[PDB]
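Just below is one structure, and these are the notes that go with it.
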Ligand SMILES: CC(C)CCC[C@@H](C)[C@H]1CC[C@H]2[C@@H]3CC=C4C[C@@H](OC(=O)CCC(=O)O)CC[C@]4(C)[C@H]3CC[C@]12C
Ligand SMILES: CC(C)CCC[C@@H](C)[C@H]1CC[C@H]2[C@@H]3CC=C4C[C@@H](OC(=O)CCC(=O)O)CC[C@]4(C)[C@H]3CC[C@]12C
Ligand SMILES: [Ca+2]
Ligand SMILES: [Ca+2]
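Protein chains in written order, with the authors' numbering: chain C, 16 to 119, 135 to 274, 283 to 663, 702 to 762; chain A, 16 to 119, 135 to 274, 283 to 663, 702 to 762; chain B, 122 to 132, 154 to 292.
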């Protein structure tokens, strides 16, 4: 039939006169509005404070149309001015001044929003400044996880409000313009706030996106201020300022601490660092490709000497040469490279040793390797001590360093132990499975692999390889997640297969050539044990597991079929499905990572360059044997900051004026400008 | 030093008086302009036909600001009006009326642009209508490959001009407005023009994008007119209109011929076709999936019954049932499936025929399969006859039909050639390599592969598999292109390896188990002959070629090494390089293809449905046993076209008005408008 | 403003004698540039990154950042289509050559690569556009068969 339509939640309606009054305000007819007001004062026929269907009153209509003439008229007739200031601040106009000067239920603004908060949210420097000129305060948000304060225990009541209110406060404290106007050190404030906001993003699972966005706003603000630097003198004053030695790039270090990657990667900042890095190599990069190689190789070859000189006469031409950051890097890399070469010499077994001697005396090459090992150890020790465990723990490569070193230690221990005991010699075959010498050799091999793969870190120093290394790392996180799923599937099929074939396990002796396992000429007993089943399934992923392993000797057809079917389903789920899915996932991330590859790489490279910029550094083999000042510094920083802020605010405004489209509100404003204009002229001409 | 900066493109500067005159025009001060004009007459101190450095003369400056009053003033006085009409058309002003009404080098318009062309390029229905009202003509564009006309064969005079001129005529002829106003069948012309433009895109490689853009424009226009249909009566009148029986969906057919995919996929069009397709099963859409399933199954099962009834008495109710298209589809699919089942039985002991009777008698199963085979071939013949070689050939699947049928014929022939000339029953092992029976079996099997793959065609029918089928088919094209690249890679390495190992070939006898080749337990002589080399490299892509195939018996280390290196490089290039690239390529293609799958799928499905809509249809097994009216029809079409064109013009305007930002020029006009008003008011009030 | 530029003449800060032109060029305004270039101007030549005399060493010592910005600004000016059109006899060749230089600099001045590369692309596009303006094939021939070498 027909669905009747009615207004269910009805609301009071405007009388004809009232409708006309509001209509005049939308047309800007001062005369009619004025008259209506005056008449209302007399005949009391119109509620000056009436409301439109959308809930907007006259003052609100005037504010939106931005007709200050009419606004004044209405205010003079004492119209309810509740929340009007907030609406004006949102419109970002000078009507705010009027309402403030004019001083003394439905709102589009939550009950918590205060004039300053909204101004901050709008980021209008001028309006913010006006409000701040008069005493204004933004509540300090309690520290993350501040239950002690029973005030935080208000979350029990209306948590929604609690959460929103907090976000609103932070959304304000994180306004570039407020930080500019209020904070003493705008840069440091942003750094810190951006971090707290990140932490909150985590704690407040919901509203995470908002906090993260606010954090990025802060980070970009800092970069933008830096970008407004024009001279090196300024850049140095900013990057070397210590809040409270100086000349230690303190602010840059703080940035690295707060993972302010964009700031650390700003072109001008990177330029300064380079000058420090390539000290002594004027235009090293400019040096012809080959030339560079030549110089690097030569210096590397001379690493021991340079090292020795520093050891001999720190204050000598040569002694000073090693102190240069680039030289340190060249030397410290050449040292590691020679270490790896020594390990290679072992492969070729240049110094061959009898395979029968138990715990032989450490071979010649070994001794040579021993120092480097010790040097690396003490190095890590120094790092830990100097940087504190927290920082050392943070570094992921430190884990690899720790592992590599630990393996080298055990290798040595066993080598030693095998010497005191097992002093005699027996045919290797007789040696028990866990003979110390045997175990040591295995540990050594594993360590060698780890050591050589530590060179990946050096890629960060290369313009081409670095970005890739960084991207890979980011993707690795996701790969790990995928691995967990794969593992679960493996375990499942492993349990199942083992459950079916364990009834048919056979003895090694029985097996041909007394060989039992998936690694024998004729694979056998592949699913007999869980340990073996797990191995078999892993190798299947690479196609190295033959299909004949799915048949039982007794030839029970049904079982074998179920077994093959389970193995087959595993192959499909693992190779056809999961493996392929990983490709899709990795493609998705690589795409994203690619967006921010450079900043990531440069942040990483800086960290590396900075490490060498320090003074405590010698290669691993030879590694083991006045308030006045602050006042001036701060004054200068403040001057530079003042200028940077000034030029930043202007830029932002200019960008807006020239890089923003005209929205409908703009049309309405123009239409009103002409309308009010018309009415006035007509009245004058009439 | 310093780099001097001097003006080399010297240009005369406007006198202060002159310059001032021009400025007044830009501000809209009619008075000042008027005075200047009058004074210049008497005094002659300013050429009213002067120009800005930007080539903007007064009339032009006025046209752009669209001040018709100043335009009239200027025109009244003797101001050169060269090319002004064209500017007034480019800007799409309707002040063109004034210029047309007046009638008394370094041009921004090529010497070929005539007002009608420019208006067409702008697509302003109004402006175009004005000009067309006065007799106007656009030169004919000589057809593609019209070199015969020495006129075009004289392009030697100026090719770029010829080509450009040609594009300009088409850019005009392909304007939706000109086609609306000047063409008798706007829909047909757009179809045809679209095709020609497509063809030109190919012949004129340069300007390919341009011609292709124009073609899409024509295709979009036709779809849009269709979308302006508001009743099914109109839709029928349009789709069933024959230019010159009627009521055969003629235009729908022409649209399929010209590949007007969008027109065909238009919702309304699809709906009409659906009604025709599902005739006999009203509500089939509402039918529950299960119910549907049931209906389909029953019909398919009874396919033989329905097939016969028709033959016996088409008029019979049952005879009538098979005539319905959807039925035909279902019946014809069942017949094919039955056929495929027959083929499956052939490989079984269903008939358990002997295997040593060279030239055996056809088995019952084979006998039954024969009828179908005959029907399929006959169907093809009819298809060719009823559709012409062109259509038949065009269809890709007709190729597979041909192959399948041809093989199913050679099979028959070879079978016969074997019944004769082979009455014995010698051991299969004694049979020669090319014994006819062996060849026959091979052909039959190959065809059984093709036959079962033809089912992929049916997918177009389903709403889920259809789109997938289409997308994959498109991607196949990409793969084909890659294969060409790979092929060269294969050929290179094939020749190299053959050239290296051909000396070391050995007789099969020498080989173990008298087996020589890659398909032998001990792969041997895999690179000895070229053909083997190609096959071996092909298989190596799938890891079915063992690495021991690269070692020469004599054990010549150098040769073997060169060979292994060559084989390895091939594997890297093919498996690690080309293969991975193909994956990336394909990823991109799918993203794009996916977008147009629907229009691609629906077009495909419609062609399928249309095939059955036709009247000549019986399943393959039982396959082989007035001027007055025209005028009225055309009148109706013209009536509908009039309405559709009107609706289209209006809709396009609305869209242009509701979806177009205010460009800077627009703003300038408003400013000039206020400026002029100001001057006028100031004068009257002053 | 143009009008204002006119009035002022009628009666950051990488320099001042040529900054008006440098900015105008960045403003890519043919008209304003035409006005300014009326009075002889001579942009300083950006010494190559190779120099080591106080010519550059001193500056690169006092303010490396300013020096670098200065050179970028000069090039941002020289690579303005308007300036090339007004001041170059063969606008196309200049665009070709300058594009090459602006690329080399991208390599050298790794810090501002993106900036120097944008300028290069700008020059490349300019030349393409100027060719696009050809209408007959006689013009095309004159353009594509012309040499700046005697
Ligand atoms: C490819 C095979 C033979 C393995 C070779 C192992 C090493 C000999 C390679 C692997 C990674 C290389 C390093 C990759 C990164 C760099 C950065 C490179 O510096 C630059 O590229 C730019 C100049 C700068 O470092 O400031 C100095 C050489 C070094 C340490 C390379 C030294 C030689 C390394 C250790
Ligand atoms: C998956 C294995 C067992 C192979 C099975 C082979 C056939 C039994 C399948 C393969 C493709 C199927 C066809 C795919 C497409 C369709 C369209 C389908 O129609 C619809 O999906 C929508 C209704 C409509 O056709 O109008 C009718 C069944 C049919 C012919 C299917 C019938 C059964 C087919 C031939
Ligand atoms: Ca470490
Ligand atoms: Ca066919």
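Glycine included, every Cβ here is placed at the ideal spot set by N, Cα and C.
Closest to residue i by C-alpha separation, out of the options, would be which residue?
{"i": "residue 107 of chain C", "options": "C:116, C:115, C:118 and C:153", "result": "C:153"}
{"i": "residue 746 of chain A", "options": "A:21, A:42, A:19 and A:16", "result": "A:42"}
{"i": "residue 617 of chain C", "options": "C:341, C:580 and C:20", "result": "C:580"}
{"i": "residue 443 of chain C", "options": "C:489, C:422, C:35 and C:331", "result": "C:489"}
{"i": "residue 404 of chain C", "options": "C:416, C:357 and C:390", "result": "C:390"}
{"i": "residue 230 of chain A", "options": "A:220, A:181 and A:241", "result": "A:241"}
{"i": "residue 595 of chain C", "options": "C:607, C:538 and C:551", "result": "C:538"}
{"i": "residue 546 of chain C", "options": "C:564, C:529 and C:575", "result": "C:564"}
{"i": "residue 315 of chain C", "options": "C:246, C:367, C:84 and C:738", "result": "C:367"}
{"i": "residue 82 of chain A", "options": "A:760, A:753, A:761 and A:757", "result": "A:753"}
{"i": "residue 407 of chain C", "options": "C:716, C:101, C:743 and C:482", "result": "C:482"}
Going along the chain, which residues of its own chain have a beta-carbon closer than 7 Å to the beta-carbon of residue i, five neighbours each way excluded?
{"i": "residue 225 of chain C", "result": "296"}
{"i": "residue 192 of chain C", "result": "184 and 185"}
If you follow the alpha helix (DSSP H) that residue i is part of, which residue opens it and which one closes it?
{"i": "residue 337 of chain A", "result": "327-339"}
{"i": "residue 474 of chain A", "result": "474-491"}
{"i": "residue 179 of chain B", "result": "172-180"}
{"i": "residue 657 of chain A", "result": "Per DSSP, residue 657 of chain A belongs to no alpha helix (DSSP H) and is neither H nor E."}
{"i": "residue 209 of chain A", "result": "206-212"}
{"i": "residue 505 of chain C", "result": "503-539"}
{"i": "residue 288 of chain B", "result": "Segment: none, residue 288 of chain B is in no alpha helix (DSSP H) and carries neither H nor E."}
{"i": "residue 400 of chain A", "result": "Here residue 400 of chain A belongs to no alpha helix (DSSP H), and DSSP marks it neither H nor E."}
{"i": "residue 250 of chain B", "result": "233-250"}
{"i": "residue 723 of chain A", "result": "703-734"}
{"i": "residue 231 of chain A", "result": "216-233"}
Starting from residue i, follow its DSSP beta bridges and name the residues at the other end.
{"i": "residue 555 of chain C", "result": "C:562"}
{"i": "residue 66 of chain A", "result": "A:72"}
{"i": "residue 395 of chain C", "result": "C:463"}
{"i": "residue 18 of chain A", "result": "B:185"}
Under DSSP, the beta strand (DSSP E) around residue i begins and ends at which residues?
{"i": "residue 185 of chain B", "result": "183-186"}
In its own chain, which residues sit with a C-beta less than 8 Å from the C-beta of residue i, not counting the 5 before and 5 after it?
{"i": "residue 644 of chain C", "result": "290, 294, 302, 303, 308 and 311"}
{"i": "residue 70 of chain C", "result": "136"}
{"i": "residue 51 of chain C", "result": "32, 35, 36, 39 and 61"}
{"i": "residue 53 of chain A", "result": "none"}
Whose C-beta lies closer than 6 Å to the C-beta of residue i among residues of the same chain, with five residues either side of it excluded?
{"i": "residue 436 of chain A", "result": "430"}
{"i": "residue 238 of chain C", "result": "231"}
{"i": "residue 725 of chain C", "result": "155"}
{"i": "residue 411 of chain C", "result": "446"}
{"i": "residue 517 of chain A", "result": "none"}
Quiz prompt | Pocket of ligand 3 defined by Cβ to heavy atom distance under 7 Å | solution = That query returns the following residues: C:417, C:418, C:421, C:433, C:435, C:436 and C:439.
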